[PDB]
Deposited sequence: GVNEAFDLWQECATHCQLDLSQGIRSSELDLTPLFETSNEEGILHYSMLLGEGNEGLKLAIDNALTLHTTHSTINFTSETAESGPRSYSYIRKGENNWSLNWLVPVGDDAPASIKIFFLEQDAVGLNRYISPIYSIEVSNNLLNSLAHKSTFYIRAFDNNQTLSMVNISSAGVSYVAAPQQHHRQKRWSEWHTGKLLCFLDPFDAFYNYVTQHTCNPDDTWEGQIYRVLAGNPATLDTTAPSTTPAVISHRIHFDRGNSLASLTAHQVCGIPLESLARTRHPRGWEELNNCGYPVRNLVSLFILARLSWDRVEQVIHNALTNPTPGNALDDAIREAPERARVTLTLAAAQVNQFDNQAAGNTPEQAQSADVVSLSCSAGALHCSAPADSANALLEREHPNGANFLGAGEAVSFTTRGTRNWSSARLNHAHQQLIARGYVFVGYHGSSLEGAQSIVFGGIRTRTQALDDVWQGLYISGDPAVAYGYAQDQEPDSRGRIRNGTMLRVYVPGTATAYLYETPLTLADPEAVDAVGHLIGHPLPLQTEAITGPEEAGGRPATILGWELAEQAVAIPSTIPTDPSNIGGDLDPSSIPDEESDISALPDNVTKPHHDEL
């Protein structure tokens, strides 16, 4: 009796909802107020739960069910095809919290909903956020949640609901489809929603980039009276935001790897509503994902990727699909499988329970790292996920111009003027030039558009990291394919410039000892104040005895470094040749002053 209520009328402002007579339900009917026909954008459903928000069962249709206690918010969600999926959030707050869900609208829009909990301080200001949970659901649920759904609430006695309603923001149609939804699977999602932009700024100390986060799109209420203005606690301190991404297809590791190799937004490799086939996906995205899948099907150790590639190129099994896939694009296979192997090793080391094989289908957790902070600590509840740290990369610093791409005939759309502008933007953001990195065309695409990240390397564990040099002639030797293809051919590659955040300048060390020399290991340990390997440090020294300098960035520093293209071309007439110092533009030499490296330990 009197089960029914009207959330968007009675609880728009405030309602004390009676739970004493058993279950309460409200139709959330959007059909009168919003026609999803010819709309592309985001529905943001929210309500604030006050006193009596503990010991409740909440539901949206039969699709999403939440259980609340004082210390936890637990939920189970339906998925498109993989069956139900359960998450437990340990509360960071003790007072009110908002239930938020995002429903993307449009035939071309993403095939995931977002769920997240914003916890307030004692005085009712937004202070803490849960992980952003991304669930790939059926086309039917995506459509229904944008039309009519029912909200159920039950105790086991009343609950204070306020600011119940729904808002909408249209996707910007001036940006092509890939770019348009690029931040759907990042913490910058919060920058799409007017009430949370400043929350993101205060918690991450990163910009809400106008051109990447829909700035200027009108965020408007459709029903009820939801929170639209910022009410962020002014005392909010920096903290890592986590975005947990479920892949219904079970191909998370392959999709993550394709994102990192190709520099393609992770959303583009997610579930599609209707079979898509973007030019960037058919050329790089799908083939790279497919190579990881074929490697998994071969049942080979991730420790052996470089020997599997070598074997495929020099002593292949004819008609073996993995060998043939490697042979088609060997250098892409090197970048692809050494990235996936590093991700699998990192996953394995996150928990005793974790196995290489659980990595294949694990959720991705995207971490919004705090600007400048040298360490980006993962939340405890991310230990069962594939971690990717969001740091600015080269693509954020290319500035205005046509699309930059890497070819044997040279870097496209990359003038001295564009480099000077990029350099100026980097030093204005406190980044410091540390040297040149030579890579393959595919290596450059990955590092610039995907970001620098750990790859497995055939070398001593203690000397692992990104190998660069202050001397562009050293880098130049690596600015080509790492090994020949199946016909014994090597392509020229790309010269890159590498910049570290200014926060790392005290950890840029130098020794007269030879890098990668077993006899230098204890002396380098003494210099950096702990045994190798390098963490958030770099070491500079002779490449070989008496030789030219090189620099190793520890992988944890390298992740935070930015690579942009050099205007030093690779000469395709003289593949394997020495750098002609006459091919170095004076405008580049002028911006290439190197740091004052630390030569004695701090203590």
query: Gaps in the model, given as deposited-sequence positions counted from residue 1; finding: 1, 158-163, 611-613
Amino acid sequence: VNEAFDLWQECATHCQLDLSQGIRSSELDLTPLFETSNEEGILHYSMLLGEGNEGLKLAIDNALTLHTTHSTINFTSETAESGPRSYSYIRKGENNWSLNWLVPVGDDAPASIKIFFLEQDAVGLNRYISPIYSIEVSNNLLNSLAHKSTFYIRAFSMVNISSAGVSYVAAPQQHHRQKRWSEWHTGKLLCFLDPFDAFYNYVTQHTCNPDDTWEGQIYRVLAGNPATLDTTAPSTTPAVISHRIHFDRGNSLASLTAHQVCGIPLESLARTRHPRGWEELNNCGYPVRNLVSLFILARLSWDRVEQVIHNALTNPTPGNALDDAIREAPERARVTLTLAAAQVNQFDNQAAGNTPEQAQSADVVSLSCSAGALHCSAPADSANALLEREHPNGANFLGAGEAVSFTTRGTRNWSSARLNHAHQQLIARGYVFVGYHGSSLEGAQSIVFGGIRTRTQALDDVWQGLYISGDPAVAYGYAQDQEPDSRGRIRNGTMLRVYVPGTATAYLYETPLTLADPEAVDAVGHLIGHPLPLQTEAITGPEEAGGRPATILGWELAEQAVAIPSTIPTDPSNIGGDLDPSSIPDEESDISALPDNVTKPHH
From here on, numbers count along this sequence of modelled residues.
| property | result |
| --- | --- |
| Mean Cα B-factor comparison, 558-566 or 35-43, giving the higher one as deposited | 35-43 |
| Mean C-alpha B-factor comparison - 358-366 and 175-183, higher one | 175-183 |
| Per the PDB entry, maximal CA B factor within 293, 144, 252, 77 | 144 |
| Largest Cα B-factor, entry values, listed residues 388, 442, 267, 211 | 211 |
| Entry-reported Cα temperature factor of residue 202, expressed as the chain third it lands in | lowest |
| Position of residue 148 among the chain's modelled residues by C-alpha B-factor, lowest, middle or highest third | highest |
| Residue 229, C-alpha B-factor rank within chain (lowest, middle or highest third) | highest |
| CA B-factor ranking of residue 338, expressed as a third of its chain | lowest |
| Residue 574 CA temperature factor, ranked by third within the chain | highest |
